[PDB]
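Colleague: Attaching a single structure in structure tokens format; questions to follow.
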DNA sequence: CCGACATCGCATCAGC
DNA sequence: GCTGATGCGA
DNA sequence: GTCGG
Ligand SMILES: Nc1nc2c(ncn2[C@H]2C[C@H](O)[C@@H](COP(=O)(O)NP(=O)(O)OP(=O)(O)O)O2)c(=O)[nH]1
Ligand SMILES: [Mg+2]
Ligand code: NA
Ligand code: NA
């Protein structure tokens, strides 16, 4: 359903969601406002009344009243006032710097740091992550066209195989689902010599090669299974510079790899469907394993998985291509 | 009435 | 110094 | 904030 259908309401709702998360630190109300925004964004009718909205799962009494106020007046008094509040609106904004969450934003605004200029004057008060996110504030909100993602996949798959031809790397995320643009790049990495029961240099070596061919330009965090960093395509001769992009690489054991691929392919809207669909068959699936429930409820040992397809066979579900997986 | 509401790796903090 | 708690992104 | 035990 198009935006102009209920876009007024979902924008209200997402705005209320962010103020809950970033200012009031009410994460559950943040998820509430998003559950309603999402169920409403899919509702294929221009909502005429808050009561009409309340029929949808996740829209309850208090949101329904906000939809009334918005429909009568075109605005929400509480949101207008908060949008004009210097403190709250500053707190809310600085959380757009990756590395600054609600807690650090509030503490910056407490001491009167309120803008990117204020963050630039006070670099010594930022951690490493925050400086990188500050450095790339703009770049990080630009989206990645599939053409650039493909070029990025070319570099990643090539340099991984060049380190060790026995690595398997899959670029997951929306990209894997045909998405015409992406928000970041999500790489899963596995290797024969890495299993549930079993060097720590396996991930570090892949990061090192991508840093050495100047693909990876900064490191947000790094450990033995999860990498969070920044990358950029080489510049096309005299032509312009690409944006720096968010890239994550994570190392998964061989026998947990396809559970990971499915998990980190998403969408979450599809993913939680398929673990509750799916719970009926007496199976539970986290990112790692699939296991059987369980006649009072005891999960058994994890069942072998050798393809993304297998986890569809256990559930007696039709295999779904990544491309048909937005829900 | 009143609690659940994804879950996890990693960086940094509080506390010992 | 080490462990555990907390913030953070996703 | 919403849902539901
Ligand atoms: N949002 C979210 N996704 C999760 C989570 N846990 C696992 N996933 C899964 C579901 C996600 O689909 C998958 C990829 O991670 P992203 O980069 O966060 N989402 P995508 O790449 O699809 O969209 P975009 O192009 O804008 O980056 O990981 C979680 O806690 N939150
Ligand atoms: Mg992605
Ligand atoms: Na309802
Ligand atoms: Na942030």
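Residue numbers (PDB author numbering): 7 to 204, 207 to 335. Don't be surprised by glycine CBs; every beta carbon is placed ideally from N, CA and C.
#1: Please list, in chain order, all residues of the same chain as residue 27 whose beta carbon is under 7 Å from its beta carbon, the five residues on each side excluded.
#2: Could you check if residue 292 belongs to the surroundings of ligand 4, using beta carbon to heavy atom distance under 7 Å?
#3: Taking the straight line between their C-alpha atoms, what separation do you get for residue 252 and residue 284?
#4: Rounded to a whole number of angstroms, what is the C-alpha to C-alpha distance between residue 165 and residue 195?
#5: Assign residue 57 to buried or exposed, taking buried as 16 or more other Cβ atoms, counted over all protein chains shown, within 10 Å of its Cβ.
#6: Nearest to residue 242 by CA position, among 218, 236 and 227, is which residue?
#7: Could you give the DSSP three-state label for residue 286: helix, strand or coil?
#8: According to DSSP, is residue 321 helix, strand or coil?
#9: I'd like the span of the alpha helix (DSSP H) that includes residue 101, first residue to last.
#10: For residue 121, which of helix, strand or coil comes out of DSSP?
#11: Once DSSP output is grouped into helix, strand and coil, what is the label at residue 187?
#12: Within its chain, find whatever has a CB closer than 7 Å to the CB of residue 146; leave out the 5 residues flanking it on each side and keep chain order.
#13: Measure how close the beta-carbons of residue 65 and residue 46 come, nearest whole angstrom, since I'm counting them as under 8 Å.
Modeller: Based on what the coordinates show:
#1: Residues of the same chain with a CB within less than 7 Å of the CB of residue 27, apart from the 5 flanking positions on each side, are 33, 36 and 108 in chain order.
#2: No.
#3: The alpha-carbon atoms of residue 252 and residue 284 are separated by roughly 37 Å.
#4: Spanning the two alpha carbons is a distance of roughly 12 Å.
#5: By the Cβ-count criterion, residue 57 is exposed, with fewer than 16 other Cβ atoms from all chains shown falling within 10 Å of its own Cβ.
#6: The candidate whose alpha carbon is nearest that of residue 242 is 218.
#7: Coil, per DSSP.
#8: Shown here, residue 321 sits in a helix according to DSSP, grouped into three states.
#9: From DSSP, residue 101 is part of no alpha helix (DSSP H); its letter is neither H nor E.
#10: In the structure shown, residue 121 sits in coil (DSSP, three-state: anything other than H, G, I, E or B).
#11: Residue 187 falls in the strand class under three-state DSSP.
#12: Hits under 7 Å: 104, 139 and 254.
#13: With a contact defined as Cβ atoms closer than 8 Å, residue 65 and residue 46 qualify at about 7 Å.
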